[PDB]
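Residues per chain are reported as follows:
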Amino acid sequence: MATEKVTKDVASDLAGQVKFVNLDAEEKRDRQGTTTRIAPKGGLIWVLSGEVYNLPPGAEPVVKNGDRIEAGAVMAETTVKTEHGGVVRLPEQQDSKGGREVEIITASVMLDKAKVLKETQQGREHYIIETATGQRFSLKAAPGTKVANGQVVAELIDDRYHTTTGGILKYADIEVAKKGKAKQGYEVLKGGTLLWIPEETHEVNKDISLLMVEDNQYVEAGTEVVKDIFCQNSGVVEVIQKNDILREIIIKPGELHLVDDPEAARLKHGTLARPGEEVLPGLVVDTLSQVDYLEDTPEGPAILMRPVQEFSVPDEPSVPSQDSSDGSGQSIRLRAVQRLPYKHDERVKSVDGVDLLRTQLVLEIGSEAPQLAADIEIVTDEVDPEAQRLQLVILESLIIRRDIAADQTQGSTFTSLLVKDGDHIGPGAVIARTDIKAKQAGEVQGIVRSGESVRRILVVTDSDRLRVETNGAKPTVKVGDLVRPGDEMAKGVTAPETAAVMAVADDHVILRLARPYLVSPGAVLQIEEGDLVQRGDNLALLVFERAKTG
């Protein structure tokens, strides 16, 4: 063949309601084409003029068909509800692209009896939480920051577990959770004592010729073991070299007791000699010490008594008093945990001091919280006294768009807030109601008669109605008729414009303005009988066969 399939669509030139008059509407189903609204014979689509209002998706109409409404009346209202009801907080006038924000604290915990201060000292300002016990915690989250579940909030400022240099760490009755060190070490589960044997380890790579000390030579703090390396502590210098170059030098504090045949001693190089024990005949141990067999030291073979210091570790750390307002499936807590960053027999190579027990407050949420949550932490003022307190809150932020001025397709809007800044709200409660104002006064027509699908409302105004005066005649037109220009509706009176007469009396006839649209056969209807359309809305699309050059 030699033709081409074309489509021209028929858009309405006015807002109104769609009426089929003598228009067969067919629903055609094909094997793959499926459903298609067609006008098999073609016809007329009438648009009864009216001001059509698109409603927001939550709108519930407050007007029924036939009501007469003044201009600016509320045609429908929408409601904003709260999922997971809690205590409402109303934020500032943050014109975030116009919308107002409302937050709902669904759960909260606050450290009562603990005061937050801002220690301008220590370089730059830091938040410090002081408890009634006197403990000071450095706050590790600046105000207004979101905090995930399990995150460390504050860290105890604690010099009881700070060492002088590196060394060797062993446990005694302490049971830790074998967690990956991804969380800064191992959590303490059962308490006990932790034993620390100092040794100052220096990583070096210069050749052995750059040594100013002999192996296992006891040295004082001020001396320089290497020309560029000064030691920080007094002790025995252990020199590790494997390739004619120094690998590391270790300074081992202790008490040197001279011996012949150190291996012959009774307590072995398995160390850990309790006070009062005889490592060697005539040698008794004063304080808890570790045996260190040394041969080829200056002054001959010896055994070094490494002094081990102990740190007592409680099963649970001291927990600050906290008041929890938990609700709605969410349980919030600040759990106090003790973390050991070092393993139970690890050699901690260091020159300067080391901290080996970190006490931390850890966020604990998610008893039944879906997808966990995030705690926004704030520094608020306590109700009774004049101090500052720390609080962590899970909130639900809802946004109310401000309002809209009237446009062609929608009326003006007026939002109204039903809740105050300190109210205890329940689940599903209404916090805001939005009114959709009318543009012009008129009579409401054609609400979607189904429920929750009320998307458009038509209102006929004095720009869609016309009263035509029949003076002496009786009108020759009936209430159902569609008049065209020039048509005799009554004796000596003709229709001024296309419309449908809505009321017929003896003195007057009232007609609703309408526009017809011709539809060629086989056109695809884009609209259903009774649908409310705006200007430019597609009513149908006509399918043409056109000459195609080629």
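All residue numbers refer to a per-chain count from 1 along the written sequence rather than necessarily to the numbering of the entry. Residues that lack coordinates are not shown. Hydrogens are left out, water is left out, and the side-chain values use all remaining heavy atoms of the structure.

1. Observations concerning the overall build of the protein chain
- Numbering of helices and strands runs from the N terminus; a helix is a DSSP stretch of H or I covering at least four residues, while a strand is a stretch of E covering at least two. Helices and strands together make up the secondary structure of the protein chain, namely 0 helices and 49 strands.
- In terms of overall size, the protein chain is more extended than a compact globule, its C-alpha atoms giving a radius of gyration of 44 Å where 550 residues would be expected to give roughly 24 Å.
- Referenced to the eigenvectors of the C-alpha coordinate spread, the extents of the protein chain come out at roughly 145 × 75 × 40 Å.
- Partly exposed residues are those whose accessible area sits between 20% and 50% of the maximum for their type, while under 20% is buried and over 50% is exposed, using a 1.4 Å probe and protein chains only. The proportion of buried residues among the 550 residues of the protein chain is 43%.
- Should any heavy atoms of two residues lie within 4.5 Å, those residues are counted as being in contact. Relative to all contacts within the protein chain whose residues are 6 or more apart in sequence, the contacts with residues 24 or more apart total 62%.
- Accessible area of the protein chain: about 29400 Å², with a carbon and sulfur share of 48%.
- For the purpose of counting charges, residues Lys and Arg are taken to be positive, whereas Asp and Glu are taken to be negative. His and the chain ends are not included. Every charge is mapped onto a representative atom, which is NZ of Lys, CZ of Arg, CG of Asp or CD of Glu. Mean positive and mean negative side-chain charge positions of the protein chain (65 and 89 charges, respectively) differ by 11 Å. Within these notes, the globule rule equals 2.2 Å times the number of residues to the 0.38 power, and the radius of gyration is based on C-alpha atoms. Calculation of accessible area relied on Shrake-Rupley with a 1.4 Å probe; when residues are assessed, cover is drawn exclusively from the protein chains displayed.

2. Re the sheet that holds strand 16 (residues 152–156)
- Overall, antiparallel pairing links the 8 strands, which are arranged 12-13-14-16-34-32-19-18 in an open sheet. The strands lining the two open edges of the sheet, one partner per strand, are strand 12 (114–119) and strand 18 (175–176).
- We call two strands paired when DSSP finds no fewer than two bridges between them. Alignment of strand 14 (residues 136–139) against strand 16, held across 3 bridges, turns out to be antiparallel. Paired with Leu139 across the two strands is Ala154, which belongs to strand 16.

3. Considering the domain arrangement of the protein chain
- Where a domain begins and ends is set by an automatic assignment or by a domain database. For the protein chain, the assigned domains are domain 1 (3–50 + 464–547), domain 2 (104–191 + 314–396) and domain 3 (196–312).
- If you average the C-alpha positions of domain 1 and of domain 3, the two centres end up 106 Å apart.

4. Details of unusual backbone geometry
- Not every positive phi belongs to a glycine, and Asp244 is a case in point at roughly 65 degrees.
- Relative to the helices and strands, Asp244 is located in the loop between strand 23 (235–241) and strand 24 (246–252).
- By relative accessible area, which is 55% here, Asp244 ends up exposed.
- Backbone geometry places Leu372, a non-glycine residue, at a positive phi of 50 degrees.
- Inspection of the secondary structure puts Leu372 in the loop between strand 34 (358–364) and strand 35 (374–381).
- The exposure class assigned to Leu372 is partly exposed, which follows from its relative accessible area of 41%.

5. Remarks on the packing of aromatic side chains
- Aromatic pairing here means that ring centres of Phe, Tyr or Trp (its six-membered ring) are within 6.5 Å. Orientation follows from the plane angle: under 30 degrees is stacked, over 60 is edge-to-face, and everything else is tilted. If you walk through the whole model with that rule in mind, you get 1 aromatic pair.
- Consider the ring centre and the ring normal. A charge sits over the ring if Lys NZ or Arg CZ is within 6 Å of that centre and within 35 degrees of that normal. In this structure, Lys118 packs its charged tip against the face of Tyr127, placed 4.1 Å from the ring centre.
- Over the ring of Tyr53 we find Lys439, and its NZ or CZ is 5.4 Å from the ring centre.

6. Focus: the sheet that holds strand 29 (residues 302–307)
- In space, the 3 strands of this open sheet follow the order 25-29-28, with antiparallel pairing throughout. Bordering the open sheet on either side are strand 25 (255–258) and strand 28 (289–294), each of which pairs with just one other strand. The mean angle between the axes of side-by-side strands here comes to 25 degrees, regardless of whether they run parallel or antiparallel.
- Taken together, the 4 bridges between strand 25 and strand 29 define a ladder with antiparallel strand orientation. Looking at strand 29, one finds that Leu258 is bridged to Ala302. In this description, a line fitted to the C-alpha atoms serves as the axis of each element, helices being fitted only across the stretch in contact, and the angle between N-to-C directions of two axes falls anywhere from 0 to 180 degrees.

7. As for the pattern of salt bridges
- Salt bridges are defined as contacts in which a side-chain nitrogen from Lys or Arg sits within 4 Å of a carboxyl oxygen from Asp or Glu. Tallied over the full model, the rule gives 25 salt bridges.
- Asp292 is the partner of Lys252 in a salt bridge, and the nearest nitrogen-oxygen pair spans 3.2 Å. Taken as a pair, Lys252 in strand 24 and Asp292 in strand 28 lie far apart in primary sequence, 40 residues in all.
- Exposure remark for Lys252: the relative accessible area of 3% places this residue in the buried category.

8. Topic: the pairing of strand 16
- Counting buried positions along strand 16 gives 5 out of 5 residues, so the element sits mostly inside the fold.
- With 3 bridges joining them, strand 16 and strand 34 adopt antiparallel strand pairing. Within strand 34, the residue paired with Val152 across the bridge is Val362.

9. Focus: a negative patch on the surface
- By definition, no residue in a patch forms a salt bridge, and every one has over 30% relative accessible area; like charges are joined within 9 Å, nonpolar side chains (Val, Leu, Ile, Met, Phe, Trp, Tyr) within 5 Å. Taken together, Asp260, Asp261, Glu263, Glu295 and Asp296 make up a surface patch of like negative charges.
- Tracing the sequence through the fold places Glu263 in the loop between strand 25 and strand 26 (278–280).

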